[PDB]
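Student: Chains B and A, in that order, give the protein sequences.
If you're matching positions, the first sequence starts at 1 in the entry's author numbering and goes up one per residue.
If you're matching positions, the second sequence starts at 1 in the entry's author numbering and goes up one per residue.
Note that beta-carbon positions come from the ideal geometry of N, C-alpha and C, so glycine has one too.
The structure follows.
Number of protein chains: 2
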Amino acid sequence: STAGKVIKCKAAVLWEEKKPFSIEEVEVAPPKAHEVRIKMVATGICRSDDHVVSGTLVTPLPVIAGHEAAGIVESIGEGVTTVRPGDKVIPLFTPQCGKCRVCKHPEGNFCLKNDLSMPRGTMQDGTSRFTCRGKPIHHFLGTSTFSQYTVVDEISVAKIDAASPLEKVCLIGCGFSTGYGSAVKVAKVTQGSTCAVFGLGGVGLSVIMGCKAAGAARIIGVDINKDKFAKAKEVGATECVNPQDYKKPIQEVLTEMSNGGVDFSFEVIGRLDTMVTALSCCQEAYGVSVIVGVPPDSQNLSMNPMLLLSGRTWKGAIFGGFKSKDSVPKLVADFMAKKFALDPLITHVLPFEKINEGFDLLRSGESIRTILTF
Amino acid sequence: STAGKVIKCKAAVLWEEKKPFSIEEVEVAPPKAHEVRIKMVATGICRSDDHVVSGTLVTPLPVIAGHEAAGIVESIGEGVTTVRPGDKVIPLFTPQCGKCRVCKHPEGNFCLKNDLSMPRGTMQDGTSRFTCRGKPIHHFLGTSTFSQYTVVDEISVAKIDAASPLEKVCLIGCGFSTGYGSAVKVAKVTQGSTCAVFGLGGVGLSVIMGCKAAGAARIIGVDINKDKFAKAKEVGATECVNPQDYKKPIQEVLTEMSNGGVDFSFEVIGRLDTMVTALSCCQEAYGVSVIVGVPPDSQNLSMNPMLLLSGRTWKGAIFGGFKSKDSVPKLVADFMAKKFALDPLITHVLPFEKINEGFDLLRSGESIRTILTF
Ligand SMILES: NC(=O)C1=CN([C@@H]2O[C@H](COP(=O)(O)OP(=O)(O)OC[C@H]3O[C@@H](n4cnc5c(N)ncnc54)[C@H](O)[C@@H]3O)[C@@H](O)[C@H]2O)C=CC1
Ligand SMILES: NC(=O)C1=CN([C@@H]2O[C@H](COP(=O)(O)OP(=O)(O)OC[C@H]3O[C@@H](n4cnc5c(N)ncnc54)[C@H](O)[C@@H]3O)[C@@H](O)[C@H]2O)C=CC1
Ligand SMILES: CCCCC[C@@H](C)NC=O
Ligand SMILES: CCCCC[C@@H](C)NC=O
Ligand SMILES: [Zn+2]
Ligand SMILES: [Zn+2]
Ligand SMILES: [Zn+2]
Ligand SMILES: [Zn+2]
């Protein structure tokens, strides 16, 4: 019944950096050609949403953030062919247009239609579907899921299993898939290897799940918050280390523990120093290090290229390297088939209107994923 | 006739940085257990030997440099099994002990017995076989080929085909195998791909040959010395660009030329800035960039890790990733079967006594490889 009509609903608007989200009445326009309007069912609080608040990630403000979510299609614009009203869907913060050089490449997934490289904070057409008191509100990564309703381009949404539990599978929209894919697809962790995972939040735990799935023999978790260690061990870490406990640099500790360096390391925090530490702690001749964390905007790291000349491989990836529209439905199918677990990531569940309590929990160190429900 | 005796012969000794080599009489001790004394036949002048002179590459002085060579075994120490007197051999500046974790790894080649990471400038037993003016003289990478005779450890020498032409195959001891393998083994260049090669000296020309062997569709040579272009095209470059001809930075030029970035880029110069530029010019989502050049000692580069987060792979390698003792004889066999060419790399041939002229030719931009004959 709301098809073709403006919807008035509640959304969490970020008006300014370093402020709480503000629950506002917003107007959500109907979808234009090749756009899809979605009724939100669940959305995760990812550290990347916090990065918009802290200014770590720069994107036009004011904004509706949120990018890790699942919902049900309320209506479709003209020409939409991949979803229908009533379908369960996951919004895709990395699009899959299927036509650019990256979408056509066997390995690439950073589709050229992304809104990450030079953020505009709009729909593909350069405009917004959100207004608050006659003021346009920016979109975030073409998703914007901190809202009862959002509108996304068709290349930024995937249809998923009609029977999937949205309060869990929303994590496949970012944290799980990023961490799991970073291990299994980007690093290509091998059976019997030794892995080191820096940062034991939702994404790092998912990296551990991937390392375990790949048959790593040793998975060393690294975090300065020792409260994160229990859960890391539950999901597959064989040992955990807190750099604050040592009188020497943790790259040295890890090199000693691993008898000369690890096979695979992962930076899942977002600090320049831990990116270089994670590179250094992998074995100098054949080690691989994968950057997953998002560091502060426009800041460069410093490193000695001899670390690479000896034979190391350094790479990064977005969304675990998964081509998003192809992979998300398959990952949901795999979850339904009990191929991996999502409950270990979910520590808190709150109604959407308690979003700020959810961010308080993340910032305090107490939560992994808070899921916000509608 | 010389077996078991100290040999008096000529060598090019480097007494101090930034000075000419001194051609003088040295005493070369007989080989101890598991060592091999070699009569040198031919040695190339590689930019890395010049880096020892300039202090770009730090190794203990005084030293007998030279590492790209071929010769004939004069005698063997007790317990040597892999070569015999009279055998043609290539010294291996990257050893292959066969026993360490790197030698046993399918991908690694930077054997832990190397003298590169923490240079001692000795034999494996921590002593020197060279005396000059009554003083011990350091070895260089366990090779030291700027001498009529040298002594190497058995893990640092490979027996090659008895019919091979030593005045050519000395290049397999460094510059050819390094560039070729950087393409075919390290980057794993694919059929139909676009490559960019920064630096068109002997090693860069060998990278081109590797890209051609791999079936690259486009191979773009980059050099600030336009005199290098003609040879680069002869060996497979489809285009050459001089950064000095353009107003925009060359990574921008190359990104444009390649319709969004190259599949594979190679830094084959040894500058921090071109390492970052070569990384930047590979396609952001699936590009691969290989560092081959040796930069100034102890200096760090600065880069934005967003270059990696979008999906790029950055790696480096020593000696083209080849396990040295396994690979060198096979490379010689392939050369004898004309699977690749060495003549295009050889622009000058001089007697050993004219070593300083050979270094002048390199420094002036005139030569690719000068081969010194004994
Ligand atoms: N590449 C991609 O596509 C994606 C990147 N991200 C990024 O991944 C990172 C992790 O995200 P979440 O798991 O949601 O964050 P989180 O904040 O829950 O986890 C980070 C963990 O790092 C630990 N930590 C902080 N400083 C540390 C230090 N100096 N040493 C060791 N541990 C330290 C914290 O105690 C925390 O447990 C963030 O930067 C986020 O923006 C997340 C999803 C997608
Ligand atoms: N990784 C490894 O195992 C090895 C590394 N090396 C290193 O590879 C590098 C190349 O060796 P060669 O080919 O013997 O040296 P080379 O000196 O003959 O060639 C370097 C080329 O770079 C060009 N060049 C200089 N500045 C440039 C700039 N700003 N932009 C573009 N081109 C520029 C020069 O004109 C020259 O043609 C050296 O640093 C050497 O030490 C060599 C062999 C083994
Ligand atoms: C790991 C750095 C490799 C550099 C090897 C050079 C010095 N060898 C011969 O040119
Ligand atoms: C290339 C950097 C990728 C970062 C992607 C983040 C912002 N998205 C989800 O958390
Ligand atoms: Zn996220
Ligand atoms: Zn695309
Ligand atoms: Zn070894
Ligand atoms: Zn060399």
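Tell me the rounded alpha-carbon separation between residue 132(B) and residue 74(B).
Tutor: Counting from one through the first sequence, the residue named residue 132(B) turns up at place 132. Counting from one through the first sequence, the residue named residue 74(B) turns up at place 74. Distance between the alpha carbons of residue 132(B) and residue 74(B) is about 21 Å.
Student: Can you tell me where the alpha helix (DSSP H) holding residue 180(A) begins and where it ends?
Tutor: Within the second sequence, numbered from 1, the residue matching residue 180(A) stands at position 180. Counting along the chain, the alpha helix (DSSP H) containing residue 180(A) begins and ends at 175–181.
Student: Taking 8 Å as the threshold (beta carbon to beta carbon), is residue 284(B) in contact with chain A?
Tutor: Counting from 1 along the first sequence, the entry for residue 284(B) is found at position 284. True, the Cβ-Cβ gap to chain A drops below 8 Å.
Student: Just jot down, in chain order, the residues whose CB lies closer than 6 Å to any heavy atom of ligand 8.
Tutor: Taken from the N-terminal end onward, the list reads 46(A), 48(A), 67(A), 68(A), 174(A) and 175(A).
Student: To the nearest angstrom, report how far apart residue 217(B) and residue 190(B) are at their CA atoms.
Tutor: Numbered from 1 along the first sequence, position 217 holds the residue referred to as residue 217(B). Numbered from 1 along the first sequence, position 190 holds the residue referred to as residue 190(B). The alpha-carbon atoms of residue 217(B) and residue 190(B) are separated by roughly 9 Å.
Student: For residue 274(B), collect the residues of the same chain with a Cβ closer than 6 Å to its Cβ; drop the 5 residues on either side in sequence, then sort them by chain order.
Tutor: To locate residue 274(B), count along the first sequence from 1; it is residue 274. Same-chain partners within the cutoff: 198 and 267.
Student: 8 Å is my cut-off, CB to CB: does residue 102(A) come that close to chain B?
Tutor: Walking along the second sequence from the start, residue 102(A) turns up at place 102. Chain B, which has a Cβ nearer than 8 Å to the Cβ of residue 102(A), makes this yes.
Student: For a quick check, are the C-beta atoms of residue 230(A) and residue 219(A) less than 8 Å apart?
Tutor: The sequence position of residue 230(A) within the second sequence is 230, counting from 1. The sequence position of residue 219(A) within the second sequence is 219, counting from 1. Not closer than 8 Å, so no.
Student: Got a sec: which bits of the segment 303–324 of chain B sit with their beta carbon under 9 Å from any beta carbon on chain A, in order along the chain?
Tutor: Those would be 303, 304, 305, 306, 307, 308, 309, 310, 311, 312, 313, 314, 315, 316, 317, 318 and 321, in chain order.
Student: Examine chain B for any beta-carbon lying closer than 8 Å to the beta-carbon of residue 119(A), and answer yes or no.
Tutor: Within the second sequence, numbered from 1, the residue matching residue 119(A) stands at position 119. It does not; no Cβ of chain B falls within 8 Å.
Student: Can residue 52(A) and residue 65(A) be called in contact, C-beta distance under 8 Å?
Tutor: Here residue 52(A) is taken as the residue at index 52 of the second sequence, counted from 1. Here residue 65(A) is taken as the residue at index 65 of the second sequence, counted from 1. Yes. Within cutoff.
Student: Give me the chain A residues within the contact set of residue 260(B), using Cβ-Cβ distance strictly less than 7 Å, ordered along the chain.
Tutor: Your numbering for residue 260(B) matches position 260 in the first sequence. Within 7 Å Cβ-Cβ: 101.
Student: DSSP three-state call for residue 35(B): helix, strand or coil?
Tutor: In the first sequence, the residue the question calls residue 35(B) occupies position 35. Residue 35(B): strand per DSSP, three-state reduction.
Student: Does the segment 97–109 of chain B touch the segment 165–179 of chain B, meaning 3 or more C-beta pairs lie closer than 8 Å?
Tutor: No contact exists between the segment 165–179 of chain B and the segment 97–109 of chain B.
Student: Using a C-beta to C-beta distance shorter than 7 Å, which residues of chain A count as neighbours of residue 107(B)?
Tutor: Indexing the first sequence from 1 puts residue 107(B) at position 107. Ordered by position in chain A, the residues that pass the 7 Å Cβ test against residue 107(B) are 286.
Student: Closer than 7 Å: is that where the CB of residue 220(A) sits relative to any heavy atom of ligand 2?
Tutor: Counting from one through the second sequence, the residue named residue 220(A) turns up at place 220. No, the Cβ of residue 220(A) stays beyond 7 Å of every heavy atom of ligand 2.
Student: Is the shortest distance between the beta-carbon of residue 242(B) and the beta-carbons of chain A less than 8 Å?
Tutor: What you label residue 242(B) is simply residue 242 of the first sequence in a count that begins at 1. By this cut-off, residue 242(B) is not an interface position.
Student: Just to check my reading of the structure: residue 171(B) and residue 345(B) have Cβ atoms closer than 8 Å, yes? What is that Cβ distance to the nearest angstrom?
Tutor: Start at 1 with the first residue of the first sequence, and residue 171(B) comes out as number 171. Start at 1 with the first residue of the first sequence, and residue 345(B) comes out as number 345. Contact flag correct, Cβ pair sits at about 6 Å.
Student: Let's test the definition: count the other Cβ atoms within 10 Å of the Cβ of residue 263(B) and tell me whether it reaches 16, buried, or not, exposed.
Tutor: Along the first sequence, one-based indexing puts residue 263(B) at 263. Burial call: buried.
Student: Let me have the residue list for ligand 7: C-beta closer than 7 Å to any non-hydrogen atom, ordered along the chain.
Tutor: The set, ordered by position in the chain, is 95(A), 96(A), 97(A), 98(A), 99(A), 100(A), 102(A), 103(A), 111(A), 112(A) and 113(A).
Student: According to DSSP, simplified to helix, strand and coil, what is residue 243(A)?
Tutor: As a working mapping, residue 243(A) is identified with position 243 in the second sequence. Note: residue 243(A) maps to helix in three-state DSSP.
Student: Closest by CA to residue 315(A), which one among 155(A), 108(A) and 61(A)?
Tutor: As a working mapping, residue 315(A) is identified with position 315 in the second sequence. It is 108(A) whose Cα lies nearest to the Cα of residue 315(A).
Student: Three or more C-beta pairs closer than 8 Å, one from the segment 145–157 of chain A and one from the segment 40–50 of chain A: is that the case here?
Tutor: Result yes; three or more Cβ-Cβ pairs closer than 8 Å.
Student: List, in chain order, every chain A residue whose beta-carbon is nearer than 7 Å to that of residue 110(B).
Tutor: The count along the first sequence starts at 1 and reaches residue 110(B) at position 110. Chain A residues near residue 110(B): 284, 285, 310 and 311.
Student: Using beta-carbon positions only, say whether residue 235(A) and residue 257(A) come within less than 8 Å of one another.
Tutor: Counting from one through the second sequence, the residue named residue 235(A) turns up at place 235. Counting from one through the second sequence, the residue named residue 257(A) turns up at place 257. For residue 235(A) and residue 257(A), no; Cβs fall outside 8 Å.
Student: Please tell me whether residue 291(B) has its Cβ less than 8 Å away from any Cβ of chain A.
Tutor: Along the first sequence, read from residue 1 onward, the residue named residue 291(B) stands at position 291. Closer than 8 Å to some Cβ of chain A, the Cβ of residue 291(B) qualifies, so yes.
Student: Pull up the CB-CB distance for residue 332(A) and residue 169(A), whole angstroms please, since I reckon it's below 8 Å.
Tutor: The count along the second sequence starts at 1 and reaches residue 332(A) at position 332. The count along the second sequence starts at 1 and reaches residue 169(A) at position 169. Between residue 169(A) and residue 332(A) the Cβ distance is about 5 Å, and since that is below 8 Å, they are a contact.
Student: Look up residue 195(B) in the DSSP assignment and give the residues it is bridged to.
Tutor: In the first sequence, the residue the question calls residue 195(B) occupies position 195. According to DSSP, residue 195(B) bridges with 219(B) and 264(B).
Student: Taking the alpha-carbon of residue 19(B) as reference, which of 49(B), 271(B), 54(B) and 3(B) has the nearest alpha-carbon?
Tutor: Residue mapping note: residue 19(B) aligns to position 19 of the first sequence, counting from 1. It is 54(B).
Student: Using the Cβ count rule (16 or more neighbours within 10 Å means buried), how would you classify residue 182(B)?
Tutor: For the purposes of this step, residue 182(B) is identified with residue 182 of the first sequence, where counting begins at 1. Counting Cβ neighbours within 10 Å, residue 182(B) comes out buried, since at least 16 surround it.
Student: Under 7 Å Cβ-Cβ, which residues of chain B neighbour residue 295(A)?
Tutor: In the second sequence, counting from the first residue as 1, residue 295(A) sits at position 295. By Cβ distance, chain B contributes 305.
Student: Quick one: does the C-beta of residue 51(A) sit closer than 7 Å to a heavy atom of ligand 2?
Tutor: Along the second sequence, one-based indexing puts residue 51(A) at 51. Yes, ligand 2 has a heavy atom inside 7 Å of this Cβ.
Student: With C-beta atoms as the reference, is residue 300(B) less than 8 Å away from residue 300(A)?
Tutor: The residue given as residue 300(B) occupies position 300 in the first sequence. The residue given as residue 300(A) occupies position 300 in the second sequence. Not closer than 8 Å, so no.
Student: Which of helix, strand or coil does DSSP assign to residue 130(B)?
Tutor: Numbered from its first residue, the first sequence carries residue 130(B) at position 130. Of the three classes helix, strand and coil, the one that applies to residue 130(B) here is strand, per DSSP.
Student: Note down the Cα distance separating residue 221(A) from residue 118(B), rounded to an integer number of angstroms.
Tutor: Counted from its first residue, the second sequence places residue 221(A) at position 221. Counted from its first residue, the first sequence places residue 118(B) at position 118. In a straight line, the C-alpha of residue 221(A) is about 30 Å away from that of residue 118(B).
Student: With distances taken Cα to Cα, identify the nearest neighbour of residue 343(B) among 214(B), 167(B) and 207(B).
Tutor: Position 343 of the first sequence holds residue 343(B). Comparing Cα positions, the closest option is 167(B).
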